[PDB]
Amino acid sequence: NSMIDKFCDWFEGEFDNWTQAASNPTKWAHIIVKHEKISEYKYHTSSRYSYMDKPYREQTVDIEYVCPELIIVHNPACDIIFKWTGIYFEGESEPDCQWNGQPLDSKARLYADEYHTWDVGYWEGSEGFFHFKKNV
């Protein structure tokens, strides 16, 4: 209503997983995710350890709408395709998803005030789902 504008409302901002990290500091890094709006439907995305200024992960995305059901967070490296479930946006990487030469599988859940991400590399594997809460 429109779906893409609602997505962008939820998607934009700064998120961090303090509660997750603090609750098991030896398992989960404390990471800050920033989705900064450049233009309408254009965001600069980045992830950083909270004690660092420089992100370890960084790119710019276009937000595309594919009628009727889909929101695509687009980058040539890896599109993430979101569907509205009735409660949140559920996202999954396209098949050809790669970071920097490594096949990647990504999942994401976008809520009104949380962003959950799940990234798995062919060789490097994964830690599981990060739970990022959106900052005020």
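Note that residue numbering follows the sequence shown and begins at 1.
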Completion exercise
Comparing mean C-alpha B factor in the record for 66-74 and 97-105, the higher one is 97-105
Practice task
For the higher mean C-alpha B factor in the entry, choose 79-87 or 43-51.
Solution key: 79-87
Practice task
Quick one: which of 123, 118, 18, 15 shows the highest Cα temperature factor in the PDB entry?
Solution key: 123
Problem - Third of the chain's Cα B-factor distribution that residue 27 belongs to, per the entry - result: highest
